[PDB]
Amino acid sequence: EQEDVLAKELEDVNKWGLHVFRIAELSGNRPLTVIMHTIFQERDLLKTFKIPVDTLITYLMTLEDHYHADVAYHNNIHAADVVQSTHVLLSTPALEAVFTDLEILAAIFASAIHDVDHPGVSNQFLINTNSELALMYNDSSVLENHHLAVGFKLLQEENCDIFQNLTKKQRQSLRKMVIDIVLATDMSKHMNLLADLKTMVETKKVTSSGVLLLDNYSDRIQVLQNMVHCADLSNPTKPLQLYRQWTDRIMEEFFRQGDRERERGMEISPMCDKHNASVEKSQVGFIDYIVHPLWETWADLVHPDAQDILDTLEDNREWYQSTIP
Amino acid sequence: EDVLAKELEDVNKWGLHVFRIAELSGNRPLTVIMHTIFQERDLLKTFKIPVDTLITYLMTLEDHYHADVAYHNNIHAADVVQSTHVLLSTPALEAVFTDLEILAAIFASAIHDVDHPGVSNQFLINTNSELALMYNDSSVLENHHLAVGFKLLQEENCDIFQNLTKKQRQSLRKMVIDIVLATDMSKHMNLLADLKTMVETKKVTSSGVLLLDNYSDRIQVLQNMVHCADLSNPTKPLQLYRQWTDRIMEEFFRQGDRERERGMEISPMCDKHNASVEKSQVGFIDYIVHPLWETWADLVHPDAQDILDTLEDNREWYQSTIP
Ligand SMILES: COc1cc2c(cc1OC)CN(C=O)CC2
Ligand SMILES: COc1cc2c(cc1OC)CN(C=O)CC2
Ligand SMILES: [Mg+2]
Ligand SMILES: [Mg+2]
Ligand SMILES: [Mg+2]
Ligand SMILES: [Mg+2]
Ligand SMILES: [Zn+2]
Ligand SMILES: [Zn+2]
């Protein structure tokens, strides 16, 4: 049965390298719904937060429908992958018993919504084309503000309020944390976020049990922001057969954007010109300047928990580099 | 219309009779004052703005201020525009700001509260309003004022920036966004701290004229300038100030009536059954308005002395009405 194979694959939800594309096919293009449901059951979140199962499924299906099935990368498979990757990172030994159930819920929910309704073009493209989204959001974290607004507005649809049984203080705290986490996925914030994560590593405090000591909102939210940003930038850290599929998809999405820019007489964005592209050099640069600086720092924060992930990233960088000469 | 022209001769003076202008212009103070200031600064010729486009945009903008909101309406907008216009001419700021920067501060002032509903950001957040959902609880009103002010340029014959280059338009847009977002009072303390740092390190010519080399410093001055203009009511002649106080208290009390009817906790200064209007003005001057204007006066010393003098006289008067 197709459902038996799906269930088998979902037994890997605690593992880096889950067969997320296979789950997308086996679930009938519902990877985000089935992975979120499995994660909520694995973490006992429905019981903890009194979430009716039918409300959870109804919301997840509606949220998943608001990802664009015609966008090659920023679709429901990406959202499911970022959810599952955040779920693995939350389980790292260095964070055991660090975060509350509400903080865990915020990080997972933020991951699920963090790209919803993405049109497959960048913030800079939306700004430069005078788009309605950029007009609404004053050119500032245009997509990320939109993803938050859609993700929260869908909670108001019929039988979609998965937070119906949280206290008012819980809903207020969860909303603020989710906003802070999704806004941190704007790449224009990456350098300052990484700089701050490095300062935390250099000053980090560990408890008598060996777990990170985070004793104020600023430190707790910074870790959760960088956790979801690492999940969002995790593709080059995955087994190569998954990483190559993510690269094929982001290139397709970029090339389609660059076709729009070329037609409009605009300068083509970096990496978006299918007639002057070096996919492999672009991956090596992405890893060297963005992905490895981030993941090496996260690995230092939770050291040695993420050593195998870092090792895979480094192997994948070597593999892409080897395809150049 | 001849009396209206006589009043507009004071457009370069602190204490313009803005309420008289509102009445004499048929409730078009924002349009007539903006047009006057644009003519006075030669901005139409400088930026090739067709006069019909300017007037059409101004009237559309002014129509999107609510006539039933007692304070945050077109008269307040016109007042902030004209106040910014005066502050831009401070002698100590001579040679600081380009024409594009001047255009940006004046346009920002004109749009800075457009479509204001007469309730605060906190109210909009606590009522789970559509605006707060759109803007993720962050500078909710101010993001909305910007979005409306810019969207209206797309109406028929409304694009007053049509003859700017794409680069000029992009620079103006960024400066206007940075200025209007700085009018959110949640940013007041950080803005004031940065203005103080700028005072402590200020460089001037031998004539006492401010030298601001970097864009970060210049936009901070323009942010503080429009913020001072937005907070200028207690620095105006007392007859004007008392009308502004009556208006903000009416708007606050109406917010409090909505909060009471909803069963919400009533916001500070918003409970008409437990208010002390005069004590609130003295506290607002002592903790917000005078620290800000004293710092501005230091930046432009001694050019703001008469404004600061009025504020101090008005504080003493309001204090004297407390038994
Ligand atoms: C150069 O390769 C990549 C670049 C980027 C992404 C993924 C990539 O490869 C898998 C993800 N992003 C989404 O906007 C940021 C840019
Ligand atoms: C206590 O008196 C005032 C308070 C406030 C304003 C004006 C006042 O008097 C004229 C203007 N504001 C609009 O949001 C901030 C609060
Ligand atoms: Mg297997
Ligand atoms: Mg869809
Ligand atoms: Mg994103
Ligand atoms: Mg305002
Ligand atoms: Zn993403
Ligand atoms: Zn205002």
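Naming: A, B, ... by sequence-line order, numbering from 1 per chain.
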Original post:
Between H114(A) and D232(A), is any side-chain donor less than 3.5 angstrom from a side-chain acceptor?
Top reply: yes
Original post:
Taking everything shown except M200(A) itself, do over 12 heavy atoms lie less than 6.0 Å from its CE?
Top reply: yes
**OP:** Could you walk me through whether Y73(A) and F254(A) pass the ring pair (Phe, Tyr, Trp, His ring centres under 6.0 Å) test, one step at a time?
**Re:** CA-CA 9 Å; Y73(A) 180 97; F254(A) 283 176; 8.1 Å; no
Subject >> CD (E25(A)) with more than 12 external heavy atoms under 6.0 Å >> reply: no
Subject >> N75(A) side-chain N/O to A69(A) backbone N/O, donor-acceptor pair under 3.5 Å >> reply: no
Subject >> Intermediate values then yes/no, side chain to side chain contact (heavy atoms under 4.5 Å, CB included), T100(A) and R220(A) >> reply: CA-CA 10 Å; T100(A) 65; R220(A) 292 175 88 79; 4.2 Å; yes
**OP:** Determine, stepwise, if the pair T55(A) / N159(A) fulfils side-chain hydrogen bond (donor to acceptor under 3.5 Å, both in side chains).
**Re:** CA-CA 5 Å; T55(A) 307; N159(A) 195 25; 2.7 Å; yes
Original post:
Does atom CD of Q164(A) have more than 12 heavy-atom neighbours from other groups under 6.0 Å away?
Top reply: yes
**OP:** State the CG-CG distance between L26(A) and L6(A), to the nearest 0.5 angstrom.
**Re:** 5.5 Å
Original post:
So do the side chains of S111(A) and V182(A) get within less than 4.5 Å of each other, counting heavy atoms only?
Top reply: no
Original post:
Got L174(A) and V178(A) here, is their nearest side-chain heavy-atom distance under 4.5 Å?
Top reply: yes
Original post:
Do you see a donor-acceptor pair shorter than 3.5 Å between the side chains of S269(A) and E261(A)?
Top reply: yes
Subject >> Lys/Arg cation over aromatic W246(A): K238(A), 6.0 Å, 45° cone >> reply: no
Original post:
Within a radius of less than 6.0 Å around CD of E132(A), do more than 12 heavy atoms belonging to other residues, nucleotides or ligands occur?
Top reply: yes
**OP:** Give, for atom CD1 of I111(B) and atom NE2 of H64(B), the distance between the pair rounded to the nearest 0.5 Å.
**Re:** 13.0 Å
Subject >> Heavy-atom donor-acceptor pair, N216(A) side chain to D219(A) backbone, under 3.5 Å >> reply: yes
Original post:
Does the gap between the ring centers of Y137(A) and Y135(B) come in under 6.0 Å?
Top reply: yes
Original post:
In terms of heavy-atom contacts, does NZ of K169(A) have more than 12 from other residues, nucleotides or ligands at under 6.0 Å?
Top reply: no
**OP:** Indicate yes or no for a side-chain donor-acceptor contact from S131(A) to the backbone of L126(A) under 3.5 Å, with no hydrogens or angles considered.
**Re:** yes
Original post:
Quick one: do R264(A) and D259(A) make a salt bridge, cutoff under 4.0 Å?
Top reply: no
**OP:** Could you tell me which non-hydrogen atom of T247(A) sits nearest to which non-hydrogen atom of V279(A), and how far apart they are?
**Re:** CG2-CG1, 3.7 Å
Subject >> Contact check, side chains of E64(A) and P31(A), non-hydrogen atoms, under 4.5 Å >> reply: yes
**OP:** Mark yes or no for whether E103(A), through its side chain, and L224(A), through its backbone, hold a donor-acceptor pair below 3.5 Å.
**Re:** no
Original post:
Between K176(A) and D180(A), is the closest basic N to carboxylate O distance under 4.0 Å?
Top reply: yes
**OP:** Could you go through the side chain to side chain contact (heavy atoms under 4.5 Å, CB included) check for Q154(B) and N130(A) one step at a time?
**Re:** CA-CA 11 Å; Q154(B) 298 178 184; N130(A) 314 118; 5.6 Å; no
Original post:
Got a donor-acceptor contact below 3.5 angstrom from the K204(A) side chain to the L212(A) backbone?
Top reply: no
Original post:
Does the pair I250(A) and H74(A) meet the rule for a side chain to side chain contact (heavy atoms under 4.5 Å, CB included), with working shown?
Top reply: CA-CA 8 Å; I250(A) 194 69; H74(A) 286 100; 4.1 Å; yes
Subject >> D12(A) and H19(A) side chains, donor-acceptor separation under 3.5 Å >> reply: no
Subject >> Spacing of CE belonging to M227(A) relative to OG1 belonging to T92(A), to within rounding of 0.5 Å >> reply: 8.0 Å
**OP:** Return the minimal non-hydrogen interatomic distance between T58(A) and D54(A), and the atom names on each side.
**Re:** OG1-O, 2.7 Å
Original post:
For the side chain of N123(A) and the backbone of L143(A), is there at least one donor-acceptor N/O pair under 3.5 Å apart?
Top reply: yes
Subject >> Spacing of NZ belonging to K198(A) relative to CG belonging to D300(A), to within rounding of 0.5 Å >> reply: 7.5 Å
**OP:** Please indicate whether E263(A) has more than 12 foreign heavy atoms, meaning atoms of other residues, nucleotides or ligands, lying under 6.0 Å from its CD.
**Re:** no
Original post:
Between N128(A) and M266(A), which heavy-atom pair has the shortest distance, and what is it?
Top reply: CB-CE, 3.8 Å
**OP:** Working to the nearest 0.5 Å, report the span between CH2 of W298(A) and CG of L194(A).
**Re:** 12.5 Å
Original post:
Looking only at side chains, do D186(A) and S188(A) share a donor and an acceptor under 3.5 Å apart?
Top reply: yes
**OP:** Could you walk me through whether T185(A) and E144(A) pass the side chain to side chain contact (heavy atoms under 4.5 Å, CB included) test, one step at a time?
**Re:** CA-CA 7 Å; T185(A) 61; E144(A) 295 78 14; 3.6 Å; yes
Original post:
Taking NZ, NE, NH1 and NH2 as the nitrogens, is one of them in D161(A) or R171(A) under 4.0 Å from a carboxylate oxygen of the other?
Top reply: yes
Subject >> Any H78(A) side-chain heavy atom under 4.5 Å of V82(A) side chain >> reply: yes
Subject >> Nearest atoms (heavy-atom pairs only) where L90(A) meets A107(A) >> reply: CD1-CB, 4.3 Å
Subject >> Shortest non-hydrogen contact between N14(A) and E42(A), atoms and distance >> reply: ND2-OE2, 2.9 Å
Subject >> Main-chain N/O of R317(A) paired with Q283(A) side-chain donor or acceptor, under 3.5 Å >> reply: no
Original post:
Side chains of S234(A) and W295(A): closer than 4.5 Å at any heavy-atom pair?
Top reply: yes
Original post:
Is the backbone of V116(A) close enough, under 3.5 Å, to the side chain of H147(A) for a donor and an acceptor to pair up by distance?
Top reply: yes
Subject >> Minimum side-chain heavy-atom gap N276(A)-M271(A) below 4.5 Å >> reply: no
Original post:
Checking ring pair (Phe, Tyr, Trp, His ring centres under 6.0 Å) for the pair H190(A)/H229(A): CA distance, chi angles, key distance, verdict?
Top reply: CA-CA 8 Å; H190(A) 164 83; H229(A) 180 52; 5.1 Å; yes
**OP:** Supply the atom-to-atom distance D315(A) CG to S322(A) OG, rounded to the nearest 0.5 angstrom.
**Re:** 11.0 Å
Original post:
Is the side chain of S140(A) donor-acceptor paired with the backbone N or O of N138(A) at a distance under 3.5 Å, no angle test?
Top reply: yes
Original post:
Hey, does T129(A) have a side-chain heavy atom less than 4.5 Å from the side chain of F125(A)?
Top reply: yes
Original post:
Are any of the side-chain heavy atoms of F21(A) and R249(A) separated by less than 4.5 Å?
Top reply: yes
Subject >> Closest non-hydrogen atom pair, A112(A) against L32(A) >> reply: O-CD2, 4.0 Å
Subject >> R43(A) side chain to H87(A) backbone, donor-acceptor under 3.5 Å >> reply: yes
**OP:** Please assess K281(A) against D288(A) for the test salt bridge (charged side-chain N to carboxylate O under 4.0 Å, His left out), listing each intermediate value before the final yes or no.
**Re:** CA-CA 10 Å; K281(A) 285 171 57 167; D288(A) 286 352; over 6 Å; no
